[PDB]
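Comments concern the structure below.
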Amino acid sequence: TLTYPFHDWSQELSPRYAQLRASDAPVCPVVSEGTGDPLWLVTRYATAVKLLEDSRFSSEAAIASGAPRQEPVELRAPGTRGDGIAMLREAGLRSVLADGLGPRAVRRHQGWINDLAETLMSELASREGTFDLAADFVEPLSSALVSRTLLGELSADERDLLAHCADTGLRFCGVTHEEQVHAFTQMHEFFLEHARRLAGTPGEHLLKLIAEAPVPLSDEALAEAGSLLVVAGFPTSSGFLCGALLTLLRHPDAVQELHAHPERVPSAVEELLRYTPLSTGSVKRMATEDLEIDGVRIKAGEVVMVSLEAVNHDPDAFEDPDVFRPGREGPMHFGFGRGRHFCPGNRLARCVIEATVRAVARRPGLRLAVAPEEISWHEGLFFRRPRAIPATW
Ligand code: HEM
Ligand SMILES: O=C1N[C@@H](Cc2c[nH]c3ccccc23)C(=O)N2CCC[C@@H]12
Ligand SMILES: O=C1N[C@@H](Cc2c[nH]c3ccccc23)C(=O)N2CCC[C@@H]12
Ligand SMILES: [Ca+2]
Ligand SMILES: [Cl-]
Ligand code: NA
Ligand code: NA
């Protein structure tokens, strides 16, 4: 049986996804390379909609300790719950999450986000020679997003510790199992020592809103909130922004169009979310009872995966799916998922993506300083990221 994942750590998607999509079944059996667990895999848009909109396929049951899984180790510090955003929703914090992640948070932060994107790009444009868009643009912008909107102000050393923990824990391979587990322990212990300090600093970052919310969360619960915000917000935003910059630098005609027609930038943001691959794994859900999807029986307790990259490149949903085409008129993309677990970070993500696209579109001529095939990729990360993006004007 086919093992999962497909080791497509660069922007070139594994051919397996299109092979399975065109096969004679709407759901295909695979086996986790890291655990040996049997799993089901969906690659078609129409089938993915039905799965992800059926609440009898549960995300929490697939997150839970002991579930069949695609990842080699559990994504939690041993002895903690590690059950994700469910822990905060269950504590009654939906309103707080809306305040800290929703349109009001974007209104509060979009000004400094755009000012920072411009400041960073202006500094790079002042340099003689090449620079690295990953280290010199994405890292400072994503780190500021995390500090100012999610956690509170971090030192460089704290940011480096959390980034290392995320990169070490959120992996299919490349580190030992024990190193991966200990990354989660280190992050949890960091927040046990520092979450209350971070939550008490001035600002409106989400961790402060959580800590102050009238249910009072314990130190352990606040630490779990910190770890959630790191894993959900940091490697995702950094990986995506790097990947979106590569897409843009490889499509100078599209950038020129955005330079001339800034009103088209939002359409380019949405097309980047469809076109630019991020996760090398899949969203997943556990059948909470015996279910059927397009004729295939899924037994209670079995886990079904949807590859968002596969769905976003489904030719039955998008005409010429492998073409970057801002303004294409097709269905909604799956870059933020689908259904009740749709990314609650989507407003802040779109804000930072838009700020980046506009910073690039204002400065035509930005190009890669090496060929795309010369970009080196971190191998095995859940969320693709290049080691560097050499660039120049
Ligand atoms: C920047 C690019 C981002 C992308 C492309 C992205 C994408 C996604 C996707 C596809 C999901 C759905 C997973 C599933 O269905 O199981 C998701 C969930 C989630 N995202 Fe985002 N995300 C991004 C940024 C962020 C940020 C900045 C935050 C927080 C500040 C965040 C917080 C979350 C949380 C907490 C969930 C879990 C939702 C749930 O399980 O109900 N995301 N994200
Ligand atoms: O809140 C959650 N939701 C799902 C999807 C996910 C969203 N962002 C993630 C980042 C890494 C892994 C999985 C996800 C999950 O697997 N979870 C374990 C870590 C965070 C938790
Ligand atoms: O690679 C992963 N993706 C997320 C889902 C996701 C898909 N695309 C995303 C984009 C952003 C956040 C989460 C996702 C998830 O549930 N995982 C369990 C173990 C592997 C890890
Ligand atoms: Ca195509
Ligand atoms: Cl089990
Ligand atoms: Na459908
Ligand atoms: Na719901």
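One-based numbering along the sequence shown. Ligands are counted one by one from 1 in listed order, and the atoms in each one are counted from 1 as well. Values reported hereafter were calculated over all heavy atoms of this structure, with side chains retained and with hydrogens, waters and symmetry mates removed.
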*So, are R81 and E224 salt-bridged, with charged N and O less than 4.0 Å apart?*
no
*Do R328 and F318 meet the cation-pi criteria used here (NZ or CZ under 6.0 Å from the six-membered ring centre, within 45° of the axis)?*
no
Ligand 1 atoms nearer than 4.0 angstrom to some heavy atom of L278 are 5 (C)
Per-atom filter on ligand 1: closer than 4.0 angstrom to a heavy atom of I85 are 35 (C), 37 (C), 38 (C), 39 (C), 40 (O), 41 (O)
Taking only non-hydrogen atoms of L308 and a 4.0 Å limit, the atoms of ligand 3 in range are 7 (C), 8 (N)
re atom 40 (O) of ligand 1, the protein heavy-atom contact at minimum distance is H341 ND1, 3.5 Å
Query raised in the report: Can you find an N or O of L273 that's nearer than 3.5 Å to an N or O of ligand 1?
Result: no
inquiry  = One thing to verify: whether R44 and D316 come together as a salt bridge, which I'm taking to mean a side-chain N less than 4.0 angstrom from a carboxylate O.
reply    = no
In ligand 3, the atoms that come under 4.0 Å of a heavy atom of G281 are 1 (O)
Under 4.0 Å between heavy atoms, the region of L52 that gets near ligand 1 turns out to be neither
In this structure, atom 11 (C) of ligand 1 is nearest to the protein heavy atom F336 O, 3.9 Å
Honestly, for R285 the part within reach of ligand 1 (heavy atoms, under 4.0 Å) is side chain
OG1 (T43) and CG (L308) are apart, to the nearest 0.5 Å, by 12.0 Å
Exercise. Are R363 and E118 close enough for a salt bridge, meaning some N to O gap below 4.0 Å?
Worked result: yes
Ranked by distance from atom 21 (C) of ligand 3, the top protein heavy atom is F382 CD1, 3.7 Å
Ligand 1 atoms nearer than 4.0 angstrom to some heavy atom of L150 are 30 (C)
Paired with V42, the side-chain contact (heavy atoms from CB on, under 4.5 Å) test is passed by just one of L20, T47, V49, namely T47
Quick one: do the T288 and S58 side chains pair a donor with an acceptor below 3.5 Å? no
shortest atom 13 (C) of ligand 1-to-protein heavy-atom contact is with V283 CG1, 3.8 Å
Ligand 1 to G335, heavy atom cutoff 4.0 Å, flagged ligand atoms 5 (C), 7 (C), 10 (C)
Q) Should the pair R127-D136 be classified as a salt bridge under the 4.0 Å nitrogen-to-oxygen rule? A) no
Filtering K284, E309, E71 for the heavy atom nearest atom 16 (O) of ligand 3 leaves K284
Counting heavy atoms under 4.0 Å, the part of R347 that contacts ligand 1 is neither
* Asked: Near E373 CD, under 6.0 Å, is it more than 12 heavy atoms from other residues, nucleotides or ligands?
  -> yes
For atom 8 (N) of ligand 3, the closest protein heavy atom turns out to be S279 CB, 3.2 Å
min-distance protein heavy atom vs atom 6 (C) of ligand 3 -> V283 CG1, 3.8 Å
Numbered in order shown, the ligand 1 atoms found under 4.0 Å of a heavy atom of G233 are 26 (C), 27 (C), 28 (C)
Ligand 1 to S237, heavy atom cutoff 4.0 Å, flagged ligand atoms 1 (C), 27 (C)
**Asked** Between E354 and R358, is there a side-chain N and carboxylate O pair less than 4.0 Å apart?
**Response** yes
For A349, the ligand 1 atoms with a heavy-atom partner under 4.0 Å come out as 1 (C), 2 (C)
Assess whether a salt bridge exists between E139 and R159, defined as any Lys/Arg side-chain N lying under 4.0 Å from an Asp/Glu carboxylate O.
yes
Within the structure, is a non-hydrogen atom of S282 found at a distance of less than 4.0 Å from ligand 3?
yes
Checking heavy-atom distances from atom 33 (C) of ligand 1 to each of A232, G339, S238, the winner is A232
Within 4.0 Å of some non-hydrogen atom of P344, the atoms of ligand 1 are 19 (C), 20 (N), 33 (C), 34 (C), 35 (C), 36 (C), 38 (C)
Exceeds 12 heavy-atom contacts within 6.0 angstrom, atom CD of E374:
yes
Handout entry: Any N or O of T236 closer than 3.5 Å to N or O of ligand 3
Key = no
Ranked by distance from atom 14 (C) of ligand 3, the top protein heavy atom is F383 CE2, 3.8 Å
Logged contact type for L308 with ligand 1, heavy-atom cut-off 4.0 Å, is side chain
Closest heavy-atom approach to atom 24 (C) of ligand 1 among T236, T149, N346 is made by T236
Distance-only N or O hit between ligand 1 and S59, under 3.5 Å: no
4.0 Å heavy-atom contact, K284 with ligand 1 | no
Indicate whether any N or O donor in one side chain lies under 3.5 Å from an N or O acceptor in the other, for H188 and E220.
yes
So does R297 pair up with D290, basic N to acidic O under 4.0 Å?
yes
Go through the side-chain N and O atoms of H164 and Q186 and say whether any donor and acceptor fall under 3.5 Å apart.
no
- Report, as yes or no, whether the 6.0 Å neighbourhood of atom CZ on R89 holds more than 12 heavy atoms from other residues, nucleotides or ligands. yes
Practice item. May I ask you to decide whether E53 forms a salt bridge with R338, counting only side-chain N to carboxylate O separations under 4.0 Å? Key: yes
Checking heavy atoms under 4.0 Å, the part of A232 that sits near ligand 3 is neither
Among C343, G84, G337, closest by heavy atom to atom 18 (C) of ligand 1 is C343
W393 ring center within less than 6.0 Å of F131 ring center: yes
